[PDB]
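1. coordinates only, sequence not included:
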Ligand SMILES: CCNc1cc(C(=O)N[C@@H](Cc2ccccc2)[C@H](O)CNC2CCCCC2)cc(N2CCCC2=O)c1
């Protein structure tokens, strides 16, 4: 009953149905593993079809404190409070949770996204105002018997709370350690394009950090890694020349409907640290993931795409376009992230997204940018 409980797309986010308040107010809530605040629109907004009305809830408690939350894209401010929350197509339970009632926002809500709030699924360490504001999933685990784990299959898609659904993946689950519990931080040990090593000190791949983030669209890469990746992808696809603006994500590339030359674009392999010393596994990303379709009836004689790899000064972000086609297990209980090939991964009759291992590295350097436990 939890299968197919997500809707949405990489560009505007994936959301799940929730209720807040007594009596229950149903709202669509974006699932975001890249933040830790539960917040809902709570005042009229041009892009909102509905919003949380605290005056209709007898169980609302005002915490008499404001909160401001900035993201890479968008920001909002609101009033902190608590109320009863349920997930109709998740575990059948009710918990009292912190909720930020958004009263002001800028470039946060997305027109036509069909969601009205956001569910930050990361750890308290990064919650605003501070780590004393318990995140929703922490409250869920504390107040119910739900196992301390959830999994995401982004396609629609599924969020499985408290469990792993075998019907959602094929092959083996490979686990990489959560390096630190704030974001879902992981360690990349190697990057290949077209099978060719980028040949950097592996700490570069994780400067300042690397995270798994369902709330960000793109694969975002540290400047140095991004520039190396673009040069390698350019070289692989050199039979066609694109304007520099495409590579900057500032303009579309279009082909006649159905003629997209997938074969000229390379596969990208990200090797993630394994659970055992000097072992790793890789997840492989097809161009169907990193060239993101942009729907627009005006351009619809063509298929058009944005380049969904982009530069970051805040570390690697493995966003939705990476997570799509994988089943990703956020195993908080065992401090690890699991990857397997998704039942809904898109591909062609030549190449397939993969999760595979084990691979060994002879270089013993810690690929984490920061010294652990300091
Ligand atoms: C789904 C909408 N598309 C996005 C969203 C975000 C973004 O900032 N997402 C937030 C959540 C959010 C969700 C929906 C609307 C606003 C915010 C996440 O917490 C960041 N997590 C952070 C990321 C970095 C700091 C640490 C964790 C960045 C995008 N960008 C920016 C350029 C490339 C790209 O894809 C595209």
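-> Yep, it's here. Numbers count the residues shown, from 1 in each chain.

2. And this structure, what are its domain boundaries?
-> Domain ranges of the chain: 14-146, 147-374, per curated CATH domains.

3. and the shortest one, how far out from the chain's middle?
-> Translated: domain 14-146. With C-alpha atoms, centre = their mean, to the nearest Å as the basis, domain 14-146 stands 17 Å off its chain's centre.

4. Kindly present the domains of the chain as a markdown table, with separate columns for distance to the ligand.
-> Quick note: C-beta positions are derived from backbone N, CA and C, even for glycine. Below are the domains of the chain laid out as a markdown table (distance: least, C-beta to the nearest ligand atom, whole Å):
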| stretch | distance to the ligand |
| --- | --- |
| domain 14-146 | 3 |
| domain 147-374 | 3 |
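
5. can you redo these as CSV with distance to residue 2 and mean neighbour count?
-> Shown next, in CSV, are the domains of the chain (distance: least, C-beta to C-beta, whole Å; neighbours: other C-beta atoms under 10 Å):
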stretch, distance to residue 2, mean neighbour count
domain 14-146, 6, 18
domain 147-374, 5, 18
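
6. Can you show me the helices along the protein?
-> For the chain, applying DSSP state H gives helices covering 136-143, 223-236, 244-247, 287-290, 320-323.

7. Can you give the contact residues for stretch 117-128?
-> Under the criterion C-beta atoms under 8 Å, 6 or more residues apart in numbering, residues 16, 18, 27-41, 52, 67-69, 102, 131-138, 150, 181-184, 214-215, 330 lie in contact with stretch 117-128.

8. Test my guess that residue 100 contacts residue 66.
-> No. Between residue 100 and residue 66 there is no contact under C-beta atoms under 8 Å: 9.0 Å.

9. any common contacting residues for the two?
-> Residues within reach of residue 100 and of residue 66 at once, by C-beta under 8 Å, 6+ apart, are 78, 79, 80.

10. How much space separates residue 347 from residue 267?
-> Residue 347 is 10 Å from residue 267, where distance means C-beta to C-beta, to the nearest Å.

11. for residue 71, same thing?
-> Noted for residue 71: a distance of 30 Å to residue 267, by C-beta to C-beta.

12. do residue 118 as well
-> 32 Å.

13. Contacts only, for the most centrally placed residue in the chain.
-> A centroid search over the chain (C-alpha atoms, centre = their mean) returns residue 214, at 1.3 Å, as the residue closest to the centre. Neighbouring residues of residue 214 by C-beta under 8 Å, 6+ apart: 13, 14, 31, 32, 33, 34, 121, 152, 154, 319, 320, 323.

14. Can you tell me who the third one pairs with across the strands?
-> Just to be clear, that refers to residue 31. Taking DSSP bridges as the rule, residue 31 bridges to residue 119.

15. My guess is it contacts residue 158. True?
-> No. Residue 31 is beyond contact range of residue 158, at 10.5 Å (criterion: C-beta under 8 Å).

16. Give the residues shared as contacts by these two.
-> With C-beta under 8 Å, 6+ apart, residue 31 and residue 158 have common neighbours 6, 152.

17. ok so, going back, dump the domains of the chain into a markdown table; add distance to residue 4 as well.
-> Listed next are the domains of the chain as a markdown table, based on distance: least, C-beta to C-beta, whole Å:
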| stretch | distance to residue 4 |
| --- | --- |
| domain 14-146 | 8 |
| domain 147-374 | 6 |
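
18. Among these, which comes closest to residue 5?
-> Closest to residue 5 of the domains of the chain, according to C-beta to C-beta: domain 14-146, at 3.9 Å.

19. Quick one: end-to-end length of that closest one, please.
-> Distance across domain 14-146, first residue to last, is 22 Å (C-alpha to C-alpha, to the nearest Å).

20. Next, the nearest residue to the residue nearest to the centre of the chain once chain neighbours are set aside: phi, psi?
-> Ranked by C-beta to C-beta, 6 or more residues apart in numbering and with sequence neighbours excluded, the top spatial neighbour of residue 214 is residue 33, at 4.5 Å. Backbone dihedrals for residue 33, given as degrees, to the nearest 10, come out at phi -80, psi 0.

21. In contact with residue 33, which residues?
-> Going by C-beta under 8 Å, 6+ apart, the list of residues near residue 33 reads 121, 122, 152, 183, 184, 212, 213, 214, 215, 330.

22. let's see it at 10 Å
-> 119-122, 137, 150, 152, 183-184, 211-216, 318-319, 323, 328, 330, 337 (C-beta atoms under 10 Å, 6 or more residues apart in numbering).

23. Of those, which belong to strands?
-> Secondary structure defined by DSSP state E assigns 119, 120, 150, 152, 211, 212, 318, 328, 330, 337 of the contacts of residue 33 to strands.

24. just curious, which of these is nearest to residue 221?
-> When the ones in strands among the contacts of residue 33 are ranked by distance to residue 221 (C-beta to C-beta), residue 318 comes first, at 9.8 Å.

25. Name whatever forms a beta bridge with the closest one.
-> Counting by DSSP bridges, residue 318 is bridged to residue 212, residue 219.

26. same deal with residue 181?
-> Assessed by DSSP bridges, residue 181 has beta-bridge partners residue 184.

27. That one touches residue 335, doesn't it?
-> Yes. Shown here, residue 181 and residue 335 form a contact pair, counting by C-beta atoms under 10 Å, at 7.0 Å.

28. So the residue lying farthest from the centre of the chain versus residue 237, what's the distance?
-> Distance from the C-alpha centroid of the chain, by C-alpha atoms, centre = their mean, peaks at residue 58 (34.0 Å). For residue 58, the distance to residue 237 equals 59 Å [C-beta to C-beta].

29. same check, this time on residue 269
-> Using C-beta to C-beta, one obtains 17 Å as the distance from residue 269 to residue 237.

30. Alright, I will stop here.
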